[PDB]
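What follows is a single chain, given as structure tokens, in the form deposited in one PDB entry.
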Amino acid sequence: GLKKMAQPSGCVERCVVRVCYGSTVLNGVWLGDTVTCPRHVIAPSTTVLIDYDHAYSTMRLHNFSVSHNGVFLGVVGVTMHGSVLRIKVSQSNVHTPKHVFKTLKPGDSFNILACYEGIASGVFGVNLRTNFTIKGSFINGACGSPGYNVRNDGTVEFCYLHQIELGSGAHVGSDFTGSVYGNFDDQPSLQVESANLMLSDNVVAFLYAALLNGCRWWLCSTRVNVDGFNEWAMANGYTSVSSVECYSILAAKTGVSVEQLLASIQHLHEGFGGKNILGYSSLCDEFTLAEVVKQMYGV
């Protein structure tokens, strides 16, 4: 069985703050004596292009208001790093978790804590897509909502700060160094993301989960090797497959090689007409190998 789940949010909830500059309000993340938030908070109200260098030069500290659960924090200084601000505050968060900062790569799964006015409202798992966007559920005010992962030793990896929604509905964020994923602009514009590719590593994991649930009507006895599959994937909207050996735990429990699943992807690429696999009517790239193994075996 497979369910997209989030890792527990409690340690991240204790870091979320409300950041206001003038009338503009969004979310930030308070670790130690630093609050990180999108620099959009200092943008002037205007319909023309934002000159953030100018806004930063004219910025005054007294225009900031930063609070955690309605308790206001004093602002000591502010510096700008790409698309984020680093706000130094006059006291440290006593609930700062053990943490690091990590930049995601396409195909990485992570957790979003959707926040509004410094208050978390929801949490869900997501995948960074090949076009460097995610499919979230955000409404007005979610800017600065953090993305995270929790390592096995309990270390929180801070990896995402929500920045903008594109005209297509795709969501764009930055890492905590201020680099926007996919090099999108952090202000309204007419930019469009590139076509989404199916995450082949995730589809292989999905088909192994199907096999382990007794669903195998689709299984191909043909084999396609990695080099051949990667050339096919180029022409058919799929990513390369990264490797084969990481699936050995599932290859052994089933009797099925990764190369058989690569052939099966090519066989199922257009549709199931009109059967289903684990309830899905087309191939699913929602679940990583790590998620399948964790949810099926606890590893």
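Think of the rigid core as the biggest set of C-alphas that the two forms share within 1.5 Å after superposition. In this text, residue numbers run from 1 along the sequence as written.
Not on display, but discussed next: the form deposited in another entry.
Peer 1: Rigid core as reference, CA moved 2 Å or more between the shown form and the other one - which of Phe72, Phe124, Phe101, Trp218?
Peer 2: The residue that shifts is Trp218.
Peer 1: Any chance the CA of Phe272 moves 2 angstroms or more between the shown form and the other one, core superposed?
Peer 2: Superposed on the core, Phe272 moves its C-alpha 2 Å or more between the shown form and the other one.
Peer 1: So, does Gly141 move by 2 Å or more at the CA between the shown form and the other one, with the core held fixed?
Peer 2: Comparing the forms between the shown form and the other one, which are aligned on their rigid core, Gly141 does not shift its C-alpha by 2 Å or more.
Peer 1: Compare the position of the CA of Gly228 between the shown form and the other one after a rigid core fit and state whether the shift reaches 2 Å.
Peer 2: Shift at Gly228: 2 Å or more after core fit.
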